[PDB]
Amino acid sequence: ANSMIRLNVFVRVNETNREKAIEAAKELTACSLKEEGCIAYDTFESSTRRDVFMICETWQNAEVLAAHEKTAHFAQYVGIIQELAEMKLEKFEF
């Protein structure tokens, strides 16, 4: 505080669900980028492991991140990804 926050969210997904999970992350990416406190947000697929992708995020501070996590689009798309795949969130401060 009032430091920026970097999230690295690693997602493991099978071949049946791979495209659907990535699309849901892509949809969540477009939604989150409209949030004022969202500094950066993108979905990245592993170039070496078909079953791995990640979400990289930068949040202005802890409070805009907390607000993000209370949004409808967050609940909707994270719910979807969690149903399709396994997620591990890692958080770091600048």
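Each residue number is its position in the shown sequence, starting from 1.
> Out of 68-76 and 19-27, which one has CA B-factors that are higher on average in the deposited record?
Replying inline: The stretch with the larger mean CA B-factor is 68-76.
> Within this chain, which third does the Cα B-factor at residue 35 fall in: lowest, middle or highest?
Replying inline: Its C-alpha B-factor, which the entry lists for residue 35, ranks in the highest third among residues of this chain.
>> Where does the C-alpha B-factor of residue 42 rank in its chain, lowest, middle or highest third?
In response: Residue 42: CA B-factor falls in the lowest third of its chain.
>> How does the C-alpha B factor of residue 51 compare with the rest of the chain: lowest, middle or highest third?
In response: Tercile = middle for this residue's CA B-factor.
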